[PDB]
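Q: The following block contains the structure, expressed as structure tokens.
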Amino acid sequence: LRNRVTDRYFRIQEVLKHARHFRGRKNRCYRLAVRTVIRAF
Amino acid sequence: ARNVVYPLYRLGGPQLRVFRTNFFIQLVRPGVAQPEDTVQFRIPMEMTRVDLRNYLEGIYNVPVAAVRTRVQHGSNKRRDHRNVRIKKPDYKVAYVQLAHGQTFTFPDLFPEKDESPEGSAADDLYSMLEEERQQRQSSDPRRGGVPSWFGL
Amino acid sequence: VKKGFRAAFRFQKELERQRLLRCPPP
Amino acid sequence: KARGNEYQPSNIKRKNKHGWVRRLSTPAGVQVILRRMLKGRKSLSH
Amino acid sequence: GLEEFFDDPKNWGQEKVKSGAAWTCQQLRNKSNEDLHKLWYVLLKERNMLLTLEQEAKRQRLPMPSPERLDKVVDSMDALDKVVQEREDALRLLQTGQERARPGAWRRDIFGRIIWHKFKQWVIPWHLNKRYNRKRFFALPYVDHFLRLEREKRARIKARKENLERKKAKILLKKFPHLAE
Amino acid sequence: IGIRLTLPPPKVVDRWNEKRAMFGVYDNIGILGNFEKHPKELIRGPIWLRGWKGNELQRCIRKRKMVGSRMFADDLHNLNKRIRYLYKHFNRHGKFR
Amino acid sequence: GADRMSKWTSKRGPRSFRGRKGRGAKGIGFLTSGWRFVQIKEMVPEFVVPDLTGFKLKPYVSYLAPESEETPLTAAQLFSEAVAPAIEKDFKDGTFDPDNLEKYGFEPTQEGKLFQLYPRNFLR
Amino acid sequence: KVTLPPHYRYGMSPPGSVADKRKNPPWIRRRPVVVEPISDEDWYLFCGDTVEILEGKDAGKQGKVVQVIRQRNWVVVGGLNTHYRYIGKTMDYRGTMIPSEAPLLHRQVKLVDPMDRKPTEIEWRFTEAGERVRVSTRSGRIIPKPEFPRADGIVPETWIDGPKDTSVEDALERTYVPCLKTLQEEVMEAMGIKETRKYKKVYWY
RNA sequence: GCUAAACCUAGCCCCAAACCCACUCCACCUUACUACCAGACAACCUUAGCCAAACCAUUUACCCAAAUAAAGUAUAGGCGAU
RNA sequence: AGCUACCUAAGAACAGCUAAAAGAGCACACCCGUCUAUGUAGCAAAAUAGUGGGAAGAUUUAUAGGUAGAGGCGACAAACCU
RNA sequence: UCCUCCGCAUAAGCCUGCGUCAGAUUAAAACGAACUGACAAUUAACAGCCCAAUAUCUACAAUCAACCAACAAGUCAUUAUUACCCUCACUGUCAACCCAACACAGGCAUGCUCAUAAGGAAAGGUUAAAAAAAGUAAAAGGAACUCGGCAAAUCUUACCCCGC
Ligand SMILES: [K+]
Ligand SMILES: [K+]
Ligand SMILES: [K+]
Ligand SMILES: [K+]
Ligand SMILES: [K+]
Ligand SMILES: [Mg+2]
Ligand SMILES: [Mg+2]
Ligand SMILES: [Mg+2]
Ligand SMILES: [Mg+2]
Ligand SMILES: [Mg+2]
Ligand SMILES: [Mg+2]
Ligand SMILES: [Mg+2]
Ligand SMILES: [Mg+2]
Ligand SMILES: [Mg+2]
Ligand SMILES: [Mg+2]
Ligand SMILES: [Mg+2]
Ligand SMILES: [Mg+2]
Ligand SMILES: [Mg+2]
Ligand SMILES: [Mg+2]
Ligand SMILES: [Mg+2]
Ligand SMILES: [Mg+2]
Ligand SMILES: [Mg+2]
Ligand SMILES: [Mg+2]
Ligand SMILES: [Mg+2]
Ligand SMILES: [Mg+2]
Ligand SMILES: [Mg+2]
Ligand SMILES: [Mg+2]
Ligand SMILES: [Mg+2]
Ligand SMILES: [Mg+2]
Ligand SMILES: [Mg+2]
Ligand SMILES: [Mg+2]
């Protein structure tokens, strides 16, 4: 049985929704946003 | 004949004879200017100029004075969608010169006059299509695009 | 193509929310 | 001096070195053909 | 003469030339060998003419008039060959009992494969023929492993093909569930 | 990207097909059948796995022992290599000693 | 850098290679001293062409022809049609023996014939 | 000859036409169409049959079968199950609208009982003479196989022999006298060819 | 709004069962796929090493003909690793 | 061993001037690669421009063949063997 | 107008790779086309592909081969008897081309041409900054430069170390 993540889209949106009002690529690129969102929190 | 085994000859043996030959040849129009007495053929690869002389004389009763042959390379340059080379087949060309002053000119096998049939054809589809195109008219510039069907 | 129905269904719900927001019904 | 042009084609050499007859002349060479046959190579030899 | 390489001059430029049927094996089986010998050349001259017209059509970039004419002549000539071959085969069996005209034998080659070796004609006996004796009609033990690998490769291909058919038969029953019977 | 834009075809499961309806029947063949047959004899599958369990190393050893002589050359080579790799892993590597 | 996939032909290789390889044409003689070719008349295939004057069979057959069932000729059918009648007649006459099988057309050996059935020594 | 990939999709246009080559280039790889397997013996629909449409816009209507595509279990019924397409279109002209038939599956049509023009189910049965015939299940009436123009396009009733066509009398004459001689030997005798030199033995190996 | 995105088939995997094995004509061990000439050469012969032994030097499991059990027992071993 | 090292078979090239004897000098073709600049993902995975060494000899070079990695080959640079 | 580095041919290699027609796919730019589809093509006298047996014969280079002088001592030759009445097959023949991943300033044997009768174009347009590259000219001085006269210019003397 091969299992693959099917709802990764929603997992990404949990972080990016908090980064929409950021400047630059860190408002859309998860790798960048997640670090800045943590710092924001 | 081709794709057959030839009986081996030894000194003092019988004459080799072929009864039903499977050599098939096609007379072709020369691509370049040729002498009046020259006739061009594309013959099988295994057919010799000696065979063609006896072949033309025996079957067609054509008196031949000279026969020359060459091997044309078919292009292997084309590529199919898999990038695999497609080989246009190689073929042998023969040049036959007529013997007793005879001349030959390749005939026009597709005359326009004969290709034109005076008798009319009444195909329903073709007639309808031609009729509809002619009947219907083009748009009037002064109507400014307004549909023309309505009588109002 | 990934196996499953839950993620696809969830994405449909979001596509229906966005469609409505683009064209709010009268 | 400049390299890369080590291939100096010669049909005589190519056939003698890697040809069908050469390959079949030794058990090791026959096994070369057998391996290429098993892999399904279109070209078994030069 | 050379005019026999072309169709009747009245047919030049015609869109269609009507033709009869191709000779059938049974119709030709009623004719004598001498008649079949004459018919072969009658069919041959028609074939050369049709091949001539086909090439000129390509040269002129036009469709060949009635292209089925060529297919009929080839079928007729193939049927005539088959009839003549059957008579020779029957005569060989009666007078000799041999099923094939050309001698041959089952042989193992240098690669360990079983092959039908068709014999060739020679003027000297085989034990004196230098080139013939260079050929290896036997396989050494090092070939054994490769034969097994080839057998196992064949078995794998056959196994995949058989399993696929069973899968397809089930996909079929799913789409059409009324084939239980 | 990475998520399908349409719903997949609905999953139709016939819970009362003959296979499901008769699942488990004869699992007590021995207890209720005078022990003439053991339930393990109902197991169908590879000859080296019927009514037996083991880790991957043990399964490999068992298969080579029972059907190694009938295996294809390439398959047996891989099996021998797998047994060697697993022997080194289980006997020599790991957190615990 | 050589093309392994393309057909090996006489157009490829050096002068010595190009002149040794042919295109499948059967030889009709041998080379003598001085590269002088000697053509043997008996080695040249002679086309046996029949006279087609007054021959009534044409390239095609009429479409208004009754269909018939295909029956390939067999050794048994040929024997029944060609050999059996003579054997039956001599049997009734009372003079039949294995010694005379050659009378009915049996050939004990193919050697000594111009056209030998096996090994076949003649061309189509 | 025939060059058809393994999963080639059979369509309305004939294999190899200008429109088939455009639709199915040599590199096309579409999903297979799953077709219910019907044995050649079981197939009961032929060109010329009168069938009733059971599904679609023309449900209940009857028409003649003009084409059968066996690879798709398809029957084309002339003038029914139609849609509209423009033909002969160009940059200037819109073209001529024509009716265009869509194919129907064998289960969407029903052969009509000859006595009563109604949809009937049929079973293949053998006559007393031994001919295989279709039989109306309910009424037991022989549905005769229709007469359709031959694919070659020849009406033999109208056939006139051409200059290169052999006459029936000459084609069906029997000149074969069975003998124990090859064509070569008989032709040598007929043509008076005399060969006295003997063929020497060769070594075969 | 572009570039793109999305898809369900092609087939494949592991078992079971069953031993396995091709063929038109023509060509192909010489420079394979080359119609046709004086030759005569002929097959067998211990796996090694990585690696483990925390180096390494003796030593270090490798289907060999019934699943289980006897048993990791007798026994072998720089009596160490195994 | 189609590059390269060495070898085998049978080939090829070497103007003009000096001396007329030449592993002699000047100097083309040709072989080599001293020095400088340029170039440094270049025209080039070693080149270009100029300047240089040799150029009838232990010369240069086309063709086919030979020696194979526990090895070959080497006017020993631990060179060279795609 | 200006280049000529060449050029033509053979060998080797390559294998249809700027011929026709039809396509607007494209040449490190560009609608001609080397890219696409179709249709054509190289014709033997040149060249390749050779030879009946057995025995027997073959001291005396080449270099204008004549004087002359050599060493490293050399590419070219038969007869005897037997056998043998036959004839012109087969294959190479195209190109703007090969080895270098390239339409690569590199590699590449021989004949002829010795500067051309053959073959070619250094500048897409403009401007005329710096720095950089390749050249030309330079007052007076003339190695004061520099590790060193490197480079350039001119064109020469003597000596030492090492290795004949
Ligand atoms: K462990
Ligand atoms: K160590
Ligand atoms: K070599
Ligand atoms: K080429
Ligand atoms: K370069
Ligand atoms: Mg020629
Ligand atoms: Mg390389
Ligand atoms: Mg070289
Ligand atoms: Mg250790
Ligand atoms: Mg250490
Ligand atoms: Mg070499
Ligand atoms: Mg030498
Ligand atoms: Mg000189
Ligand atoms: Mg000197
Ligand atoms: Mg000098
Ligand atoms: Mg040296
Ligand atoms: Mg040293
Ligand atoms: Mg050193
Ligand atoms: Mg000549
Ligand atoms: Mg030329
Ligand atoms: Mg060089
Ligand atoms: Mg010029
Ligand atoms: Mg320019
Ligand atoms: Mg420039
Ligand atoms: Mg500029
Ligand atoms: Mg100054
Ligand atoms: Mg100073
Ligand atoms: Mg000074
Ligand atoms: Mg200073
Ligand atoms: Mg200087
Ligand atoms: Mg010195």
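Q: Is any residue of the range H:130-160 close enough, with backbone N under 18 Å, to a label point placed 7 angstrom from the Cα of H:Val168 along the Cα-Cβ axis, and if so, which?
A: Only H:154-160 pass the distance filter.
Q: Still on this structure, I have one more. Where does each of H:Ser136, F:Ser69 land when they are ranked from fewest to most other beta-carbon atoms within 10 angstrom?
A: Listing H:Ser136, F:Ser69 from fewest to most nearby Cβ atoms yields F:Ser69, H:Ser136.
Q: Still on this structure: Going by alpha carbons, how many degrees (0 to 90, nearest 10) lie between the helix axis of B:49-60 and the longest principal axis of chain B?
A: The angle comes out near 70 degrees.
Q: Roughly speaking, what is the centre-to-centre gap between the range G:19-75 and chain D when only Cα atoms are used, to the nearest Å?
A: If we compute the Cα centre of each part, the gap is 41 Å.
Q: Another question, if that's okay. If you average the C-alpha positions of the range E:15-83 and of the range H:105-158 separately, how far apart do those two centres end up, in angstrom?
A: If we compute the Cα centre of each part, the gap is 37 Å.
Q: Can you tell me which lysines have their Cα less than 18 Å from the Cα of H:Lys61? Leave out same-chain residues fewer than eight positions away.
A: H:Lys110, H:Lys118
Q: Here is a follow-up. Need the list of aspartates and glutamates near E:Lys168 for cross-linking: C-alpha distance under 15 angstrom, and skip anything on the same chain fewer than eight residues off.
A: Straight-line reach from E:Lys168, under 15 Å: H:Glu36.
Q: Output the pairs from D:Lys39/E:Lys161; G:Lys89/H:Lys198; D:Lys42/F:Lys81 with a Cα-Cα distance over 26 Å in this structure; if there are none, say none.
A: G:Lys89/H:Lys198; D:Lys42/F:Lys81
Q: Then there is this: Neighbour counts of other C-beta atoms within 10 Å: give me E:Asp89, E:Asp8, F:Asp75 arranged from fewest to most.
A: Placing the least packed residue first, the sequence is E:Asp8, F:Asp75, E:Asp89.
Q: DSSP loop chymotrypsin sites (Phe, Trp or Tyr not before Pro) in the range G:53-124 with at most 14 other Cβ atoms within 10 Å of their Cβ, which ones?
A: Listed in order of number, the matching sites are G:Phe55, G:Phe106.
Q: OK, next. What does the charge dipole of chain E about its Cα centre add up to, to the nearest 20 debye, if the Cβ of each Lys and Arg holds +1 and the Cβ of each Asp and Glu holds -1?
A: Charge dipole of chain E: 1800 debye, to the nearest 20.
Q: In addition: For a quick check, take a GNM of chain B with Cα springs below 10 Å and name the residue from B:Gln40, B:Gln137, B:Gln102 with the largest mean-square fluctuation.
A: Most flexible of the set in this elastic network: B:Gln137.
Q: Cα axis of helix G:84-93 to longest principal axis of chain G: angle in degrees, 0 to 90, nearest 10?
A: Computed tilt is about 30 degrees.
Q: Pick out, in residue order, every one of the chymotrypsin sites (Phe, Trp or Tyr not before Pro) in the range F:10-97 that is DSSP loop and has at most 10 other C-beta atoms within 10 Å; say none if there are none.
A: Passing both the DSSP loop test and the Cβ count: F:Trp16, F:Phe23, F:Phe35, F:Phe96.
Q: Further, regarding this structure: With point charges of +1 on the Cβ of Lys and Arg and -1 on the Cβ of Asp and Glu, referenced to the Cα centre of the protein assembly as shown, which listed residue (B:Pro14, G:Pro59, D:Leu44) lies farthest in the positive direction of the dipole?
A: D:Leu44
Q: Taking chain D as the reference, fit the longest principal axis to its C-alpha atoms, fit the long axis of helix D:27-39 to the helix C-alpha atoms, and give the angle between the two in degrees, 0 to 90, nearest 10.
A: Taking the Cα atoms of chain D, the angle to D:27-39 is about 80 degrees.
Q: Still on this structure: By a straight-distance test (C-alpha under 19 Å), which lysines pair with E:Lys118 as possible cross-link partners, with residues fewer than eight away in the same chain excluded?
A: Filter leaves E:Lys130, E:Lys135, G:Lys26, H:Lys201.
Q: Give, rounded to the nearest 20 debye, the magnitude of the charge dipole that the protein assembly as shown has about its Cα centre when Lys and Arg contribute +1 at Cβ and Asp and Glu contribute -1 at Cβ.
A: Here the protein assembly as shown has a charge dipole of around 11920 debye.
Q: In chain G, once you exclude exposed GluC sites (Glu not before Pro) (DSSP loop, at most 12 other Cβ within 10 angstrom), what's the longest stretch remaining?
A: Longest site-free region, per DSSP loop and neighbour criteria: G:1-66.
Q: Could you work out the pair-distance distribution P(r) of chain B from its alpha-carbon pairs, with 10 angstrom bin width and percents rounded to whole numbers?
A: All Cα pairs, binned at 10 Å, distribute as 8, 20, 19, 15, 14, 9, 7, 5, 1, 1, 0 percent.
Q: Please work out the FRET efficiency for the pair F:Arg92 and A:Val5, using the Cβ-Cβ distance as r and a Förster radius of 30 Å; give the result to the nearest 0.05.
A: 0.30
Q: Separate question: For E:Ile171, G:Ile28, which order do you get if you count the other beta carbons within 10 Å of each Cβ and list the fewest first?
A: E:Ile171, G:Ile28
Q: Right, next: Principal axes first, then extents: for the Cα atoms of the range H:4-147, list largest minus smallest coordinate on each axis, whole Å, largest first.
A: That works out to 60, 35, 25 Å along the principal axes.
Q: Still on this structure, I have one more. Out of the trypsin sites (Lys or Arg not before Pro) in the range E:32-105, which ones are loop residues according to DSSP with at most 12 other C-beta atoms within 10 Å?
A: Passing sites in the range E:32-105 are E:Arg61.
Q: Apply 1/(1 + (r/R0)^6) to the Cβ-Cβ distance of F:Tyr85 and C:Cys23, taking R0 = 35 Å, and write down the FRET efficiency to the nearest 0.05.
A: 0.05
Q: Further question: Under unit Cβ charges (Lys, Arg +1; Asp, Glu -1), what dipole magnitude, rounded to 20 debye, does the range D:4-46 have relative to its Cα centre?
A: That gives a dipole near 140 debye.
Q: On to the next question. Could you identify which residue out of H:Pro146, H:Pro14, H:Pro103 has the top mean-square fluctuation in a GNM of chain H using Cα springs shorter than 10 Å?
A: H:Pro14
No Cβ is skipped: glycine too gets one built from the backbone with ideal geometry, and neighbour counts run over all protein chains shown. Read-outs throughout are calculated quantities, based only on the coordinates presented, and are distinct from any laboratory measurement.
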